[PDB]
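Chemist: can you look at this? It's an experimental structure, sequence on top.
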Amino acid sequence: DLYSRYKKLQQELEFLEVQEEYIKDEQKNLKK
Amino acid sequence: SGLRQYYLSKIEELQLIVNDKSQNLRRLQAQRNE
Amino acid sequence: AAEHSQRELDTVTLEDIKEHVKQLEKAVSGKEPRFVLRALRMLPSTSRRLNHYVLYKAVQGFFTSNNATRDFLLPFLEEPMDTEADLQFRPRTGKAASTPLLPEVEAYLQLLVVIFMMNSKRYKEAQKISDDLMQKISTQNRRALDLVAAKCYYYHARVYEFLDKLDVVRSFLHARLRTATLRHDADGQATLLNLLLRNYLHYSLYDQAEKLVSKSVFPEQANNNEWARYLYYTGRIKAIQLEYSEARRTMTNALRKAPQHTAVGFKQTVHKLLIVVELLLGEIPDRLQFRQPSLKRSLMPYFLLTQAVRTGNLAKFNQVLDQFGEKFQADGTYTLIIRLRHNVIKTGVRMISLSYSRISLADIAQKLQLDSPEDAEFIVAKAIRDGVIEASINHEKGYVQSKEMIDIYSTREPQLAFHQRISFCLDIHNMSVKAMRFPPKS
Amino acid sequence: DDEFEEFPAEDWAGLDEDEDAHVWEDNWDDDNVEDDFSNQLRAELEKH
Amino acid sequence: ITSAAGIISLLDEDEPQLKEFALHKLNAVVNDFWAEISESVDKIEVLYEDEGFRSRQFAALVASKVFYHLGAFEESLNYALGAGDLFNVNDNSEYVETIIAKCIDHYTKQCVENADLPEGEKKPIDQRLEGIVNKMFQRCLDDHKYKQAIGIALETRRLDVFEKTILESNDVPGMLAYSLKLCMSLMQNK
Amino acid sequence: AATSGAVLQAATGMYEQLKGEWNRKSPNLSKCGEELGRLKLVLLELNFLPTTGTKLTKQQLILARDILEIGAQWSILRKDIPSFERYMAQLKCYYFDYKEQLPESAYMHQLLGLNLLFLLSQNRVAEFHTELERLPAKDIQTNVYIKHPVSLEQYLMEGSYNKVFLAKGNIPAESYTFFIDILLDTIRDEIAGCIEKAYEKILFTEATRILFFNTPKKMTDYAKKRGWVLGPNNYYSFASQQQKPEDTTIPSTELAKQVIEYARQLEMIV
């Protein structure tokens, strides 16, 4: 079970990274 | 009793990282919304 | 008459403790360990004012889940003197009373208990409860629990010092440091390093401390206070060895990093050690401090000492060392002031260099009240070897010649300095804009 | 705050009253014992 | 107590009887004098290297302990591998736990990096590391916690041990549904 | 236990044999060495280095203390530094950690000061002073035996080299006499270094004069060892110029990276 929690947390981390990068790009373009 | 402590410490690391990242993303979303 | 005022004080303190527990609960829920540090700023004010009545009511209300902790905490607490207007402080309501208390709140309660048992000259019971608390904390593993654990280790050390059994806990502190540096905590690491250095100093075990400091790495995110403590201990350890200049620099950093208002004793400590080290370095510390009110009468020994070092008079140096001798020894510096006593010449030679761009050695001998000019010759050569003075000896004419002044600006030093400072400023900005939280959607 | 109650302050056993309590600027040179500058000039002139 | 310099100093002497008590004393007193012994870590490495020494494994264990305490986890891991059998897997101690976790992590990293490689150039794996990981597999199975053994087997890409743990189960169809679910779940490599 | 008593009696008999051997006007310097070699293995049994205070048989610790003291005397008298330092390594613990219950030795101060003088002679001033910290205060200015290391070091700190060289004549114990020579050679290297770093083109009223040599030629070999040009008689250049670094080339790549990093941190989203 704890293996499933572990993989879930790791994929959550990847998704958070993707979203953070996308928001930085969005802010940079919204300035323009 | 089997390898729990290792799973536990590693999940603790991921949890700390993900919490910090969520706070960063919240701030960043607030700025972009403004 | 004063009993009613004391009662109102107790009620307001009970409400305040309610507030701290609320803050800890918020911190534990919300994934913000730093939110406890709010709960951990008013500890000195609480301790300076706590009372048995407040402690009894707090332990009664907060520990609704009657557990072996309650049985271990109540008996030490004196019961109210036939209290009749008791309001039965009941912080925990319904579900909260039934549910188990949070690890962090319980740790904070044990902290208030041990502090109160410390203010009273009752060390054995305090030590007992403190071992219990240490066992409790070590058993668990949590973040805000870790932040409180920091001050729990500080208070464990304070009690073990007040019982003069500092050695026996070295291994516990060591293993705690190991786990911390394995788990990636910052404040805990700073606290445990500082405590280990304090333990090593208490028994003047300097070589071991030197190895320890040289091998571990101070985390770069601590308080002002833990940075001050680390810096003081490293300064002391160097000054005890022979690296005077770095000791001077670390000390001044510490004194510049201490709390502004409180820590009168701390400022006293650093200032006296700074005076001694500078004197050991051939410079003259400035007279401004000595007349400051918080350090006026605490340095008179050093005031006389400098008055002696300038106008070097071994008679006067001996008079002042002898008279104010036991005091020097008490401070923990005597060894250094002795190291001075045979270096009183150095001030004079540095003065001679600053004042003169070239002087005959015989003139130096006349000026330093020395024997034949060979002694002054040798002292000057050794000096220039040490790096305290910049010159070149040339006996074929028989004069020591100071080196010219070089232009610092034309070199690349200014670029380097401004680059470092610019980096610091940009980092300040990035941190500052990071710290922002926009929770209006809280 | 983090009052360094660990570190002790100075004892107030003696606490002798201030001798003069002057507060102007202190300065280091005031400790030195000179010889009444006029006197040094006069001695110079006598010796030339 | 304190100082702890002699027990070091009683090591150069070429008498392989004083060396042994010095070694055991350093073990007993490492936890509080790892720093000092770390300054003198070259000696103990030399002693381990010398195969003549009977108690070489104890020296390797002590060297790993001090390196681990230092912070340099790769050297500590290597020499802990060198400790051989004395690496008692069954100690409820901080050091043993952290080192085994580091070992599982390194083995997983090596296995993943090696899977996506030709059979010509597979990076060799330490036998001591393999033994330690298999011991941890055995411990996990014996505790009966099948899920953890399956997960470590997957992360390490080991299909043999995965197969074992799959069969030796009291809930075969249940944990088989578990396995299929995990396969269609957040594991990506095709 | 019976076995413990028997081994303790054997060890004590061996120690008595040694003390009888050493107390002789003219020791043998070899049988004693082999004897210490064998005794090292004997002390192994009786808790050679106990790990905790746990007050044990006073006789065992006292025996080990005497064995260490005689071993150290043996090492020095045999002109072997490695042995002296090895022995002192444990002896300092024995003297310091266990003295809360064990009574002090009669040769405590002499031999601590002996080690301090060794340290001084080995150009380790930092260790010199770290050790000076350990001891109490009264012994420092009261004990003639420890007065020598501290006073000689004070003389060296004050630059006074004549006083140290003449101070040989007064000594606390004859054992030190070997290390007075090593201290003298150490300070000779120190004065050579002072002269090299200091001064410009030799002089100092001729080398041998301030080198305190009985013969003018005695310095030729030492000058040969060091990197001295050996110019005219008693005229050797130390090259104090240090090449006088003046060349400058405007390091640019570093500066360009620095500036682009300023711009990076300036424009990134934080």
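Modeler: Good, I have the coordinates. Numbers count the residues shown, from 1 in each chain, chains lettered A, B, ... in the order given.
Chemist: near chain B, which residues of chain A?
Modeler: Among all residues of chain A, those adjacent to chain B (criterion: CB under 8 Å from any CB of the partner chain) are A:2-3, A:5-6, A:9-10, A:12-13, A:16-17, A:19-20, A:23-24, A:26-27, A:30. All C-beta spots, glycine's among them, are computed from the backbone N, C-alpha and C.
Chemist: mark which of these are buried, thanks.
Modeler: Those of the residues of chain A next to chain B that meet the buried threshold are A:2-3, A:6, A:9, A:12, A:16, A:20, A:23, by 16 or more other CB atoms under 10 Å in any protein chain shown.
Chemist: and the residue of chain D that's closest to chain B?
Modeler: Distances from chain D to chain B, computed as CB to the nearest CB, single out residue D:2 as the nearest residue at 25.9 Å.
Chemist: separation between that residue and residue C:151?
Modeler: From residue D:2 over to residue C:151 the distance is 10 Å, taken as CB to CB, to the nearest Å.
Chemist: and these two? Which one has more around it.
Modeler: Each of residue D:2 and residue C:151 had its neighbours counted (other CB atoms under 10 Å in any protein chain shown), and the higher figure belongs to residue D:2 (22 against 19).
Chemist: state the distance from the closest residue in space to the more buried one that isn't next to it in sequence to residue C:284.
Modeler: Here the nearest residue to residue D:2 in space, its sequence neighbours aside, is residue C:225; by CB to CB, 6 or more residues apart in numbering or on different chains that works out to 4.2 Å. Remark: distance between residue C:225 and residue C:284 (CB to CB) = 31 Å.
Chemist: between the two, which one's more packed in?
Modeler: More neighbours surround residue C:225 than the other of residue C:225 and residue C:284, with 21 against 15 (other CB under 10 Å).
Chemist: which SSE is that one in?
Modeler: With the criterion set as DSSP states H and E, the secondary-structure element containing residue C:225 is helix C:224-240.
Chemist: report the buried residues of the very next helix or strand once past that helix.
Modeler: Once helix C:224-240 ends, the next helix or strand along the chain (criterion: DSSP H and E) is helix C:244-257. With burial defined by 16+ other CB under 10 Å, the residues of helix C:244-257 counted as buried are C:244, C:247-248, C:250-252, C:254-255, C:257.
Chemist: now do stretch C:308-322
Modeler: Using 16+ other CB under 10 Å as the test for burial, stretch C:308-322 gives C:308-310, C:317, C:320-321.
Chemist: kindly report the same for stretch C:324-341.
Modeler: By neighbour count with 16+ other CB under 10 Å, stretch C:324-341 contains the buried residues C:324, C:328, C:331, C:333-341.
Chemist: now do the same contact list for the residue of chain A found nearest chain E.
Modeler: Shortest chain A-to-chain E distance, computed as CB to the nearest CB: residue-wise this is residue A:3, at 3.1 Å. Taking CB atoms under 8 Å, 6 or more residues apart in numbering or on different chains as the definition of contact, the neighbours of residue A:3 are B:7, E:147-148, E:150-151, E:154, E:182.
Chemist: still on that earlier bit, out of the buried residues of stretch C:308-322, who's nearest chain B?
Modeler: Closest to chain B out of the buried residues of stretch C:308-322 is residue C:309 (53.5 Å), distances taken as CB to the nearest CB.
Chemist: apart from its neighbours in sequence, what residue is nearest the closest one?
Modeler: The shortest distance from residue C:309 to any residue that is not its chain neighbour, by CB to CB, 6+ apart, is 5.6 Å, and that residue is residue C:279.
Chemist: next one: the lengthiest helix in chain C to chain centre, how far?
Modeler: Ranked by residue count under DSSP state H, the longest helix found in chain C is helix C:2-30. Mean-position distance between helix C:2-30 and its chain equals 29 Å (CA atoms, centre = their mean, to the nearest Å).
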